[PDB]
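Inspection log for the structure reproduced underneath, given as structure tokens.
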Amino acid sequence: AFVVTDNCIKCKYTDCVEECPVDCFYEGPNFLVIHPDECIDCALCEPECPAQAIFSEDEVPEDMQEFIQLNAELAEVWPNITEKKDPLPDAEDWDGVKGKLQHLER
Ligand code: SF4
Ligand code: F3S
């Protein structure tokens, strides 16, 4: 499975979803997550995220390992999203800012 990590938070561009043949992205107020059981590892979503926030589960940075479990868990409670939407208003301002996990909304 592929995993959405820290730089997605407060950006949430949503270009990722248009690439997904199986529709396994789930939406939060300021973050997206992939469902690990539905994802087929097609990788088609990774070169298309402007925030370079998606990684193969085995290529997820040492300092972001907690996102693997977070994607699995929130994918069970958030609604599916299959259509591209406008990025969050100040996405450029937040793209590249580290430790944005402190800003994650449920
Ligand atoms: S790797 Fe493929 S199946 Fe998994 S979330 Fe990305 S586009 Fe969807
Ligand atoms: S910012 Fe988040 S919404 Fe999709 S396009 Fe990147 S994983």
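Labels used: A, B, ... for chains in the order of the structure tokens, numbers from 1 for residues in each chain, and numbers from 1 for ligands as shown.
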Using only C-alpha atoms, which protein or nucleic acid residues come within 12 Å of residue 63 in chain A? Drop anything in the same chain fewer than 5 positions from it, and give the result as a PyMOL selection string.
chain A and resi 5-6+68+98-99+101
Taking only C-alpha atoms and all ligand atoms into account, report as a ChimeraX atom specification which residues have an atom no farther than 6 Å from an atom of ligand 1.
/A:1-2,19-20,22,24,34,39-45
Keeping only N, CA, C and O atoms, write the selected residues as a compact mmCIF listing (two decimals), in the first residue's frame.
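Generated file (part-v3.txt):
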# COMPACT_ATOMS: atom_id res chain seq x y z
N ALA A 1 0.80 -1.20 0.00
CA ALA A 1 0.00 0.00 0.00
C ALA A 1 0.84 1.27 0.00
O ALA A 1 1.97 1.28 0.52
N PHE A 2 0.27 2.35 -0.58
CA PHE A 2 0.96 3.61 -0.59
C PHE A 2 0.36 4.44 0.54
O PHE A 2 -0.73 4.20 1.04
N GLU A 19 -5.85 9.82 -10.38
CA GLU A 19 -4.97 8.73 -10.83
C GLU A 19 -5.39 7.35 -10.32
O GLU A 19 -4.95 6.33 -10.84
N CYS A 20 -6.20 7.28 -9.26
CA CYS A 20 -6.54 6.02 -8.56
C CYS A 20 -7.55 5.11 -9.21
O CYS A 20 -8.73 5.44 -9.08
N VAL A 22 -8.82 2.39 -8.40
CA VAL A 22 -9.69 1.65 -7.49
C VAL A 22 -10.43 2.52 -6.49
O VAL A 22 -11.10 2.05 -5.54
N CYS A 24 -9.47 4.49 -3.73
CA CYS A 24 -9.24 4.23 -2.33
C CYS A 24 -8.69 5.37 -1.46
O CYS A 24 -8.07 5.19 -0.41
N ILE A 34 -4.97 7.01 2.33
CA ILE A 34 -5.21 5.86 1.46
C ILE A 34 -5.64 4.70 2.36
O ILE A 34 -5.09 4.43 3.44
N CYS A 39 -5.86 -0.36 -1.80
CA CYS A 39 -4.80 0.13 -2.66
C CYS A 39 -4.12 -1.03 -3.36
O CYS A 39 -3.84 -1.96 -2.59
N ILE A 40 -3.87 -1.03 -4.68
CA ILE A 40 -3.26 -2.16 -5.37
C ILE A 40 -1.81 -1.89 -5.63
O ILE A 40 -1.19 -2.67 -6.35
N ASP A 41 -1.20 -0.81 -5.09
CA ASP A 41 0.20 -0.41 -5.32
C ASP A 41 0.55 -0.08 -6.76
O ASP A 41 1.68 -0.30 -7.21
N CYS A 42 -0.43 0.54 -7.49
CA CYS A 42 -0.24 0.90 -8.85
C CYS A 42 0.79 2.03 -9.03
O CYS A 42 1.32 2.19 -10.13
N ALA A 43 1.08 2.78 -7.92
CA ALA A 43 2.04 3.89 -7.79
C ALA A 43 1.64 5.10 -8.62
O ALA A 43 2.37 6.12 -8.63
N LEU A 44 0.50 5.08 -9.30
CA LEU A 44 0.15 6.13 -10.25
C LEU A 44 -0.17 7.54 -9.69
O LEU A 44 -0.13 8.64 -10.26
N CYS A 45 -0.38 7.41 -8.36
CA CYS A 45 -0.66 8.59 -7.58
C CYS A 45 0.51 9.35 -7.05
O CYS A 45 0.35 10.59 -6.90
Fewer than 2 positions away in the same chain doesn't count, so skip those; otherwise give me all residues within 8 Å of residue 49 in chain A, counting only C-alpha atoms, as a PyMOL selection string.
chain A and resi 13-16+45-47+51-54
Let me make sure I understand: among A:27, A:3, A:8, A:94, which one has the smallest atom-to-atom distance to ligand 2 if we use only C-alpha atoms and all ligand atoms?
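With only C-alpha atoms and all ligand atoms as the atom set, the closest residue is A:8.
Considering the residues A:84, A:35, A:103, A:12 and counting only C-alpha atoms and all ligand atoms, ligand 2 has its shortest atom-to-atom contact with A:12.
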Selection: 7 Å around residue 33 in chain A, only C-alpha atoms, excl. self and same-chain fewer than 6 positions, as a ChimeraX atom specification
/A:4,25-27,71,74-75
Keeping N, CA, C and O atoms, export the residues of the selection given above as a compact mmCIF listing (two decimals), in the first residue's frame.
# COMPACT_ATOMS: atom_id res chain seq x y z
N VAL A 4 -0.03 8.48 2.54
CA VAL A 4 -0.02 9.95 2.54
C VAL A 4 0.65 10.46 3.82
O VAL A 4 0.15 10.17 4.92
N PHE A 25 -9.02 6.59 -1.84
CA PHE A 25 -8.67 7.77 -1.06
C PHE A 25 -9.89 8.21 -0.26
O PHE A 25 -11.06 8.15 -0.66
N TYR A 26 -9.58 8.59 0.98
CA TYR A 26 -10.59 9.06 1.96
C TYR A 26 -10.24 10.42 2.59
O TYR A 26 -9.11 10.78 2.92
N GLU A 27 -11.27 11.24 2.63
CA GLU A 27 -11.14 12.65 2.94
C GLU A 27 -11.40 13.16 4.33
O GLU A 27 -12.44 12.95 4.93
N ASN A 71 -3.02 6.37 8.35
CA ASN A 71 -3.79 6.22 7.11
C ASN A 71 -4.78 5.05 7.23
O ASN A 71 -5.97 5.14 6.90
N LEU A 74 -7.76 6.23 9.90
CA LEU A 74 -8.67 7.26 9.45
C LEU A 74 -9.39 6.82 8.19
O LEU A 74 -10.52 7.28 8.00
N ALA A 75 -8.83 5.93 7.33
CA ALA A 75 -9.48 5.44 6.11
C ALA A 75 -10.79 4.67 6.44
O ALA A 75 -11.68 4.51 5.62
Spatial neighbours of residue 30 in chain A, 9 Å, only C-alpha atoms, chain gap at least 4 places, as a ChimeraX atom specification:
/A:8-12,88,103-106
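Each of A:7, A:17, A:23, A:50 was compared to residue 67 in chain A using only C-alpha atoms, and A:7 turns out to be the nearest.
Residues of range 13-95 of chain A that DSSP places in helix (DSSP H, G or I), based on the backbone of this structure, are residues 15, 16, 17, 18, 19, 46, 47, 48, 57, 58, 59, 62, 63, 64, 66, 67, 68, 69, 70, 71, 72, 73, 74, 91, 92, 93 and 94 of chain A.
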Using only C-alpha atoms, pick whichever of A:37, A:29, A:73, A:100 has the shortest atom-to-atom distance to residue 87 in chain A.
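Once distances to residue 87 in chain A are computed over only C-alpha atoms, the minimum belongs to A:29.
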From the DSSP assignment of the backbone, select every residue of chain A that is strand (DSSP E or B), and format the answer as a ChimeraX atom specification.
/A:2-4,25-27,32-34,54-56,80
Just write the chosen residues, C-alpha atoms, as a PDB file, in the first residue's frame.
ATOM      1  CA  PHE A   2       0.959   3.611  -0.594  1.00  0.00           C
ATOM      2  CA  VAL A   3       0.835   6.218   2.237  1.00  0.00           C
ATOM      3  CA  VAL A   4      -0.022   9.946   2.538  1.00  0.00           C
ATOM      4  CA  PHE A  25      -8.673   7.767  -1.060  1.00  0.00           C
ATOM      5  CA  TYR A  26     -10.587   9.057   1.955  1.00  0.00           C
ATOM      6  CA  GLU A  27     -11.137  12.646   2.937  1.00  0.00           C
ATOM      7  CA  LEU A  32      -6.308  12.713   2.709  1.00  0.00           C
ATOM      8  CA  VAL A  33      -5.476   9.107   3.534  1.00  0.00           C
ATOM      9  CA  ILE A  34      -5.208   5.858   1.456  1.00  0.00           C
ATOM     10  CA  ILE A  54       2.889  10.093  -1.046  1.00  0.00           C
ATOM     11  CA  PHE A  55       5.357   7.223  -0.507  1.00  0.00           C
ATOM     12  CA  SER A  56       5.353   3.417  -0.996  1.00  0.00           C
ATOM     13  CA  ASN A  80     -14.508   8.368   0.122  1.00  0.00           C
TER      14      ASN A  80
END
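Among the candidates A:38, A:57, A:92, A:48, the residue lying nearest to ligand 2 is A:48 (atoms considered: only C-alpha atoms and all ligand atoms).
Taking CA of residue 85 in chain A and CA of residue 58 in chain A as the two end points, the separation is 28.5 Å.
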One decimal, Å: what's the distance from CA of residue 36 in chain A over to CA of residue 96 in chain A, could you say?
25.3 Å
